[PDB]
């Protein structure tokens, strides 16, 4: 069978086994927290240029395209994450704009692979634009040729606020979600104020949010989990007693906390009927739910319906003991972070992002500056260089005489030599001079941004406010003590 | 639990390593490339017909197996078209493939290829039950895990692995030198490493370099570990105005000219020797003309040693030289490649002999029935006239003479054209011919050296057909 005798290669293959199973499935990353397959989806959708501006497209074709541009990995988790980042209700924020059959929230994952027709959302335009941006190393695949980026850089801790699902690999962890607006607020307060305290930002930060809209009670678990990320908290559904025209009372729920089925709990209600461990209950009904979710339990008189609500949030699954585990990974090794340290690593990432983008733009401007330096030096002593080309013979003689007379490089001399008559009007000569000084002003501006670091902070805050303007984030949940 | 996690670790690590790391000792052929050649043989279309321009081949490949990308399968196609990287030859093709330049041929199906000349005799004897098979995951077609060989391509094309635990460098060699090594180990089970130095003067390249060391080569062929020098060719000639002109044709392996030239431009332009503005490195479609001209008041050899310190015109090329067989990796030396290929060809030839005995003795049993039929005929005819059923006729023939069911029914398969006497003598003649060939194969099976003689026969076949010299000029 095995007959493998060398324990050393067993240990080495076992370390690669463990770390590769880590790297494969979902991890608390530095910059996106995502699966690498998510990164694959995003980078393929970007570099194919499939915008939401353009119309919809059959997406299983795109799935096979990305699968063929990448490794021959299995289709299952691919199509799973394809659905998951198109599910509007599960992830708090919108990524993939599907068009087909999914199942709403009640245990029917419709998997119509033929009908896989979709687009994306407009938030990847805020997520990543690294076309020219020297940011991230690449790994090569098909006989080691074609790029794949290591990480997903951004200007945005959105995926902090999204939430994570990486549990069964080694030890368990997740990321519970918040909303974005007060996140922007507390972040900018740390930006302009690098020496703030936790609880004063808890004054800025409400509870961990949920897309359905949850009733939150208690803050001791909030105190523990904003610090150390461990503990379960209690969650209740928006549930009311309503009187009829007859005086009969009605238990009316609006939503539920996270990871709840209507139908499994409904079967559990029918159990509780036939289990004969709860009384009073008459009608278990649910209709018209697509204009708005409306599930109604209706109970006879002389029953103490609020005590029955107490019995619901004691024994039924309507009560939620929602636990946290945010056990981080920063450059491979597992860690654990406070809410400050997350944003700190975000800050220094934005530092490196804007610095490297500015240096790429710097080298753009420097190269074009050397171009226009050569142009203006050609404009200096024109007829002498006319005599030069009327005299000399070769590339070597021309470059030697131009370097002796004007101290320029070879490419500069040849770009001089590539000047035609139709770029010899004094109009375009002074337009060269004008755009030359424009780029000089841009170089000086970027050097001034290199002088002081806080301009980066200010521009980040500006475009955070732009995103919060285009993406107003009202609340949906409710916190109590 | 954790033992089952260790089992998953072991089995999945074996899956990844046997998938995309080093291939078997028995072939030296990675299973991607193995299935490329197997499906291209099972295209059936000869290289004589003009080689095709289609992704239909690779579509049947991906129907045979689902990878994590068929673009990687096309990368395997193209890397086996890299004659400048992997030696002679595995692709009869026409399309864009570039050179060792930094070339990106995005035209995937637009290239042409089909079977190659070495592949033809390289993968015969499929019709002789030589190699075992396994079923795919698709439960519809089969595939072989190993291949039959007509040379150890282990030595012909090297290895450039990846570090799943560690990568592996294996250098290429020469055709006829490998043939002479096979003949040497065949004639003597008592060879030495100096014998290997004789029949292999050194590993070679499709491009050429210089390997100055000797004991590194010695430790390479003995220990399996060591690094060598790969050096560019240097030619010092005289400019008409007095400049020590340097001509370069050879290079270290896996070294593009482009980025090396760019770093040479950088090293010039970092407050060093700047008067060498002479880099005439072009016209490389006839060969390699990598020519610089050293400036005046400067010797060429100092700049040569400085670019050797730049590790691109002289490079410490290491070797890991590992292998996979019997599910285990192995540190390599010779008499391992050698004896493995020998006993593999022994397996192939002897199993071919057994299959040919199967066909020959089946046909001999047929012609037994034929001649015993053609002995006495008309009495059989008249007793058939005393019957009305082929089952009755079969029982009649079993009463008449000793036959098989197949023999009886084949004797029933006789029209009136079968009723002559000259064809009796013809069947008897081929019957004695077939008995003589069966006795020949039995005597060959009672001969160990005859197998080696058949190996010599196929070696002389491919030696009359092809040979190659040491293009890689190596001084030590």
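Is there a residue in region A:333-340 that is within 25 Å of the chain's Cα centre (by Cα) and in a helix (DSSP H, G or I)? Explain how you work it out, then say what you get.
Residues of region A:333-340 that are within 25 Å of the chain's Cα centre (by Cα), as a first pass: A:333-340.
When the remaining residues are screened for being in a helix (DSSP H, G or I), the result is A:339-340.
The answer is yes; a qualifying residue exists.
So residue B:455 passes all but one of these: (1) under 30 Å from the mean Cα position of the chain (by Cα); (2) free of Cβ contacts under 8 Å to residues at least 24 places away in the same chain. Which condition number does it fail?
All conditions are met except number (2).
Given the residues B:167, B:149, B:119, which is the only one that is within 14 Å of chain A (Cβ to nearest Cβ) and either out of contact with any helix residue (DSSP H, G or I) (no Cβ under 6 Å at 6 or more places or on another chain) or assigned to a helix (DSSP H, G or I) (or both)? Please lay out each step first, then the result.
Details: B:149 fails: within 14 Å of chain A (Cβ to nearest Cβ); B:119 fails: within 14 Å of chain A (Cβ to nearest Cβ).
Exactly one of B:167, B:149, B:119 is within 14 Å of chain A (Cβ to nearest Cβ) and either out of contact with any helix residue (DSSP H, G or I) (no Cβ under 6 Å at 6 or more places or on another chain) or assigned to a helix (DSSP H, G or I) (or both), namely B:167.
Restricting to region A:287-306, name every residue that is exposed (fewer than 14 other Cβ atoms within 10 Å of the Cβ) and within 45 Å of the chain's Cα centre (by Cα). Give the derivation first.
Kept after step one, since they are exposed (fewer than 14 other Cβ atoms within 10 Å of the Cβ), are these residues of region A:287-306: A:287-292, A:300-302, A:304, A:306.
Result: A:287, A:288, A:289, A:290, A:291, A:292, A:306.
Give me a count of the residues in region A:130-146 that are touching a residue at least 60 places away in the same chain (Cβ under 8 Å) and either more than 11 Å from chain B (Cβ to nearest Cβ) or within 18 Å of residue A:32 (Cα to Cα) (or both).
4
Tell me which of these residue A:21 doesn't satisfy, since it passes every other one: (1) assigned to a helix (DSSP H, G or I); (2) surrounded by 19 or more Cβ atoms within 10 Å (Cβ to Cβ).
Checking residue A:21 against (1) assigned to a helix (DSSP H, G or I); (2) surrounded by 19 or more Cβ atoms within 10 Å (Cβ to Cβ), the one that fails is (2).
Name the single residue, out of those in region B:170-189 being farther than 23 Å from residue B:229 by Cβ and part of a loop (DSSP other than H, G, I, E, B), that is farthest from the other protein chains (Cβ to nearest Cβ).
Among those that are farther than 23 Å from residue B:229 by Cβ and part of a loop (DSSP other than H, G, I, E, B), it is B:188.
For the structure I just gave you, tell me whether residue A:363 is within 14 Å of chain B (Cβ to nearest Cβ), surrounded by fewer than 16 Cβ atoms within 10 Å (Cβ to Cβ), assigned to a helix (DSSP H, G or I) and without any contact (Cβ under 8 Å) to a residue 12 or more places away in the chain. Give the derivation first.
Values: within 14 Å of chain B (Cβ to nearest Cβ): no; surrounded by fewer than 16 Cβ atoms within 10 Å (Cβ to Cβ): yes; assigned to a helix (DSSP H, G or I): yes; without any contact (Cβ under 8 Å) to a residue 12 or more places away in the chain: yes.
Spelling it out, it is not the case that residue A:363 is within 14 Å of chain B (Cβ to nearest Cβ), surrounded by fewer than 16 Cβ atoms within 10 Å (Cβ to Cβ), assigned to a helix (DSSP H, G or I) and without any contact (Cβ under 8 Å) to a residue 12 or more places away in the chain.
So, of the residues in region B:46-77 that are in contact with a strand residue (DSSP E or B) (Cβ under 9 Å, 6 or more places away or on another chain) and closer than 18 Å to residue B:119 by Cα, which turns out to be nearest to the other protein chains (Cβ to nearest Cβ)?
Taking region B:46-77 and keeping what is in contact with a strand residue (DSSP E or B) (Cβ under 9 Å, 6 or more places away or on another chain), we get B:46-47, B:49-53, B:57, B:64-65, B:77.
Add one more test, that the residue is closer than 18 Å to residue B:119 by Cα, and what stays is B:46-47, B:49-52, B:57, B:77.
Numbers: B:46: 27, B:47: 23, B:49: 28, B:50: 26, B:51: 21, B:52: 21, B:57: 15, B:77: 9 Å.
Across region B:46-77, the extreme among qualifying residues is B:77.
What's the number of the only condition in (1) farther than 14 Å from residue A:59 by Cα; (2) in a loop (DSSP other than H, G, I, E, B) that residue A:113 fails to meet?
(1) is the only condition that residue A:113 fails.
Would you check which residues across region B:226-242 are on the phi > 0 side of the Ramachandran plot and within 28 Å of the chain's Cα centre (by Cα) and list them?
We begin by selecting, within region B:226-242, every residue on the phi > 0 side of the Ramachandran plot; these are B:226, B:242.
Selection gives B:226 alone.
State which residue is surrounded by the fewest Cβ atoms within 10 Å (Cβ to Cβ) when the search covers only region A:170-183 and only residues that are in contact with a helix residue (DSSP H, G or I) (Cβ under 9 Å, 6 or more places away or on another chain) and under 20 Å from residue A:204 (Cα atoms). Spell out how you get there, then give the answer.
If we filter region A:170-183 for residues that are in contact with a helix residue (DSSP H, G or I) (Cβ under 9 Å, 6 or more places away or on another chain), which is where we start, we get A:170, A:175-181, A:183.
Add one more test, that the residue is under 20 Å from residue A:204 (Cα atoms), and what stays is A:175-181, A:183.
On the way: A:175: 23, A:176: 21, A:177: 19, A:178: 23, A:179: 22, A:180: 23, A:181: 15, A:183: 23.
Going through the qualifying residues, I end up with A:181.
Inside region B:204-226, can you point out the residues that are surrounded by fewer than 18 Cβ atoms within 10 Å (Cβ to Cβ), in a helix (DSSP H, G or I) and in contact (Cβ under 8 Å) with a residue 24 or more places away in the chain? Reasoning before the result, please.
So in region B:204-226, the residues surrounded by fewer than 18 Cβ atoms within 10 Å (Cβ to Cβ) come out as B:212-215, B:218-219, B:222-223, B:225.
When the remaining residues are screened for being in a helix (DSSP H, G or I), the result is B:215, B:218-219, B:222-223.
Scanning region B:204-226 gives B:218, B:222, B:223.
Every residue in region B:78-108 that is farther than 23 Å from residue A:73 by Cα and either within 13 Å of chain A (Cβ to nearest Cβ) or in a helix (DSSP H, G or I) (or both), please. Even if it seems obvious, please write down each step before you answer.
Filtering region B:78-108 for residues farther than 23 Å from residue A:73 by Cα gives B:80-105, B:107.
Answer for region B:78-108, where residues must be farther than 23 Å from residue A:73 by Cα and either within 13 Å of chain A (Cβ to nearest Cβ) or in a helix (DSSP H, G or I) (or both): B:80, B:81, B:82, B:85, B:86, B:97, B:98, B:102, B:103, B:104, B:105.
Looking for something in contact with a strand residue (DSSP E or B) (Cβ under 6 Å, 6 or more places away or on another chain) and at positive phi - is there at least one such residue anywhere in region B:218-225? Break it down into steps so the answer makes sense when it comes.
In the first step, residues of region B:218-225 are kept if they are in contact with a strand residue (DSSP E or B) (Cβ under 6 Å, 6 or more places away or on another chain); the result is B:219-220, B:224.
Right, trim to at positive phi and you get B:224.
Yes, that holds for at least one residue.
Taking region B:275-289, which residues are more than 14 Å from chain A (Cβ to nearest Cβ) and within 20 Å of residue A:394 (Cα to Cα)? Walk me through it before giving the result.
Filtering region B:275-289 down to residues more than 14 Å from chain A (Cβ to nearest Cβ) leaves B:281, B:283-289.
If the condition is that a residue be more than 14 Å from chain A (Cβ to nearest Cβ) and within 20 Å of residue A:394 (Cα to Cα), then B:281, B:283 are the ones that fit.
Would you check if residue A:31 is surrounded by 15 or more Cβ atoms within 10 Å (Cβ to Cβ), within 14 Å of chain B (Cβ to nearest Cβ) and closer than 24 Å to residue A:170 by Cβ?
Numbers: surrounded by 15 or more Cβ atoms within 10 Å (Cβ to Cβ): yes; within 14 Å of chain B (Cβ to nearest Cβ): no; closer than 24 Å to residue A:170 by Cβ: yes.
Against the criterion (surrounded by 15 or more Cβ atoms within 10 Å (Cβ to Cβ), within 14 Å of chain B (Cβ to nearest Cβ) and closer than 24 Å to residue A:170 by Cβ), residue A:31 does not qualify.
Determine if region A:427-442 includes at least one residue that is closer than 30 Å to residue A:157 by Cα and surrounded by 14 or more Cβ atoms within 10 Å (Cβ to Cβ). Explain how you work it out, then say what you get.
Within region A:427-442, the first condition is being closer than 30 Å to residue A:157 by Cα, and the residues that meet it are A:442.
After this cut, where a residue has to be surrounded by 14 or more Cβ atoms within 10 Å (Cβ to Cβ) as well, the list is A:442.
Looking for residues that are closer than 30 Å to residue A:157 by Cα and surrounded by 14 or more Cβ atoms within 10 Å (Cβ to Cβ), one finds at least one in region A:427-442, hence yes.
Quick note: the coordinates plus some simple rules give every number you see, no bench work behind them. Note that each Cβ is placed from the backbone with ideal geometry, even for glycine, and that neighbours are counted across all protein chains shown.
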